[PDB]
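Coming up is one lone chain in structure tokens, specifically the form deposited in one PDB entry.
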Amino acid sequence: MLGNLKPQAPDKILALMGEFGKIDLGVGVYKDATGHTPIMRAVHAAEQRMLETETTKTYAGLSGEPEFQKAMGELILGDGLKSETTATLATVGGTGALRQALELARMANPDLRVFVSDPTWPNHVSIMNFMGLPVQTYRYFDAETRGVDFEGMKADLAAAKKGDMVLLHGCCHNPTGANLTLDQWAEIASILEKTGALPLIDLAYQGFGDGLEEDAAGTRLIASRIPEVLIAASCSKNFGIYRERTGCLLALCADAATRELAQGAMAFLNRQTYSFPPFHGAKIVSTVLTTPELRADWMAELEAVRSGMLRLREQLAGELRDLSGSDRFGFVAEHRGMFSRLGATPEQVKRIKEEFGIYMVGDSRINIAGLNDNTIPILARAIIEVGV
């Protein structure tokens, strides 16, 4: 039977990792001055504390632990968290949350379609194709200005109908690095409540843009306006626990009844897929979030990380400017997050990796965290050489 298995297409980023004076600017992970993805101080201390506190490993919560559910909701929605109308499900990372999100929605609407940003995280489309869900795209990135084509984005969203879902990146847009301003979010919230489109928000980098609270701004704004929203959150990057596989899905409902339904359907969704969700990472998160000392240090370390990358973008932007006189690559300093699409054509990007030894995703997505004072001028010179 297994011989009928058709060969499946590889994931670009994972494959890029395969093809890797080498410069790793591919996969979206934070790296320090010495090319390492360290473990956060609070995370380590949490784990040490867990080693002493835990006395059992019996089956726990089917939808995650109360502490994880509550601490995550507060971190995301702040004071906009209305427990009585909010359903929470602990999942296997953000990706698990996204998949569970699409499953929940499709159960509620067998005829749903999903709009995604042009461009968006490749894995978004793969999951949707696999489930067989109709994918539509809304303009978002502006090829020329490297910013957001907001006039076009609004145009496309207006075509969304009731029952459709619109996937929005809460902050730090992957792969572009181009992000909406709170003013732009308020307008989208207007369109959404006119169309009736259910918004699904991919919150994977809360803390890498402008700050823990600031990066959650747009999400809090949508949640305040739209009576029903879905948020797929990830603790992989902002907590640096990538391999622990921890995130969660929040279902904001209009009332307690609808909320009770969702919560039930969410628990069931976990039961029929893998039973209980992974505990270790979730426990690290809540332990950090509910322990003032730990939370304080974590916030501090995350701030240091978000600050450093900001400094790097400026160095890089400057390096390029002085390397060409033109302030064309200014968009790099304007972008926010870990990625930024250089705009290099497919034929140019290949030159870079084969000759310059610098590996960046084929669509010119560079993980700014992969740069440093030593490699920045090299990258700058490298792309100047590649010209047009």
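Don't overthink the numbering: it's just position in the shown sequence, from 1. Here, rigid core means the biggest group of C-alpha atoms that superpose within 1.5 Å across both forms.
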For the stretch from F20 to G21, please bin the deposited residues that the model skips: none, 1 to 3, 4 to 9, or 10 or more. 4 to 9
Pick between 177 to 185 and 274 to 282: the one whose mean CA B-factor in the entry is higher. 177 to 185
Selected stretch [higher average CA B-factor]: 116 to 124 or 245 to 253: 116 to 124
In terms of recorded Cα temperature factor, pick the maximum from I39, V29, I358, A46. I358
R99: C-alpha B-factor third of its chain, per the entry, is the lowest
How does the C-alpha B factor of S224 compare with the rest of the chain: lowest, middle or highest third? middle
Lowest, middle or highest third: where is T53 by Cα B-factor in its chain? middle
If you rank every modelled residue in this chain by C-alpha B factor, which third holds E314: lowest, middle or highest? highest
Split the chain's modelled residues into thirds by Cα B-factor; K162 lands in the highest
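What follows is about the form deposited in another entry, which we do not show.
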Core aligned, which of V43, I352, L342, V361 has the Cα that shifts 2 angstroms or more between this form and the one not shown? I352
Would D373 count as moving between this form and the one not shown, using a Cα shift of 2 angstroms or more after superposing the core as the test? no
